[PDB]
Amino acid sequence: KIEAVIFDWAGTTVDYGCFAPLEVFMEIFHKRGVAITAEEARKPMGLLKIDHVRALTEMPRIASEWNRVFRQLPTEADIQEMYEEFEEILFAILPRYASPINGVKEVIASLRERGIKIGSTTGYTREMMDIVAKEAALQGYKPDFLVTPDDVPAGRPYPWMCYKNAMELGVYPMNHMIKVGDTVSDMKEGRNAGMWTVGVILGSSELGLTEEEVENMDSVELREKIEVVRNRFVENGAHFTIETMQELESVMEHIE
């Protein structure tokens, strides 16, 4: 029997498409003269903040209208500088990216009515979680427990945060707990903690799309884009994969 399930935040239970970072970066470039495509910015997603900015600096169609504007090429100070402005802008807007993802509520309220327990981990800092968590409760969502990289020696990929959840909820053989996320980073955490690990595709920043794009998109442009993400999960630990949260119960039943 699994006695607990452990969730991630942006891309899984909140922010469909996990655009929160996306708009900060977009702005940190628009505001400087350069306009950058949603496809440009969501490519280096996955690296650390600062390595995501030197990456936007080495794409040709970008250096090439920066040196049309400043008539020089991007600098180590320009990179050191675009980074500083990150936090503020993310704080500024975070209260707009904390809507619980569609249909997530109805499954959670279905897990508790079985006596299952609910924890969560994130990459966001404790000071960022002070906001997300607040607006999510207003809009309907509050896990049984919450941990951030600030409570442990190190964040994802290490399994430290998952162990805390085990202690706090009072559950112990780990393979008695399921872990659910929306990125490569999330699959690794789960394996390194000896937990059963799952992945979600729709609205998972890995996919990149917006609820509306997903519904009006061409039945064949969609299914092939999906398959890419499902492979990427699998190739990184993923024990199982799902399109939406509504199939989670079945992956629990499977496990037995």
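The first residue of the sequence shown is number 1, and the count goes up from there.
- When the mean C-alpha temperature factors of 54-62 and 192-200 are read from the deposited coordinates, 54-62 comes out higher.
- Mean CA temperature factor is higher for 104-112 when stretches 117-125 and 104-112 are set side by side in the entry.
- As recorded in the entry, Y83 carries the highest CA temperature factor of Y141, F91, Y83, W160.
- Residue-level inspection of the entry shows that, of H176, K134, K179, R71, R71 has the top Cα B-factor.
- Ranked by Cα temperature factor within the chain, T148 sits in the lowest third according to the deposited record.
- In this PDB entry, the Cα temperature factor of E206 sits in the middle third of its chain's modelled residues.
- When the CA B factors of the chain's modelled residues are split into thirds, the value for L169 lands in the lowest one.
- Sort the chain's modelled residues by C-alpha temperature factor and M187 lands in the middle third, per the entry.
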